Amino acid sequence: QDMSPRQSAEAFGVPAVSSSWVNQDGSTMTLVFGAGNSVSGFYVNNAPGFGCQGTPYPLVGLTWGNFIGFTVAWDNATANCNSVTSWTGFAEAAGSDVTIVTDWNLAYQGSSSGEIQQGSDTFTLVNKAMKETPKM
């Protein structure tokens, strides 16, 4: 019935409970599946024109099968951008790769009220590089 971390990750299409990802903007995140359909990790935004680039912010969400959603609040020790984003989407095998198709909403303060900017990210699974040394 209830999914373990590994089974939840396998049902999403990934071997490991920890998984590294990059999107089309070069933005990166780590996804960690846990108990009760949970998802945790960290997101680094490298999207052109976005404040709060280049440092990690925590993410939390939930998953079932190929489907996922997660949110990031743009708050950490380095920089706050007074906004939060949630992604929702699904996972598919796209060759020997694994991708995630998502759409996202970013809620933030505009000139006269709150606004919500929409977008779309496609994430690509990154194989853990076992380098064998820290030289080069």
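When you see a residue number, it is the position in the sequence shown, counting from 1.
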Check your understanding: Got a sec? Mean C-alpha B-factor, which is higher, 114 to 122 or 10 to 18?
Key -> 10 to 18
Practice item. Please work out which of 22 to 30 and 88 to 96 has the higher mean CA B-factor as recorded in the PDB entry. Key: 88 to 96
Point to revise | C-alpha B-factor winner, where the candidates are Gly51, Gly65, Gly41, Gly69 | key: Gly51
Exercise for review: Choose from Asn105, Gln109, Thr55, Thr102 the residue with the greatest Cα B-factor as stated in the PDB record.
Suggested key: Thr55
Study note, to complete from the structure: Of the three thirds of the chain ranked by Cα temperature factor, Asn82 occupies the middle
Study note, to complete from the structure: Binned into thirds over the chain's modelled residues, the C-alpha B-factor of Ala35 lands in the highest
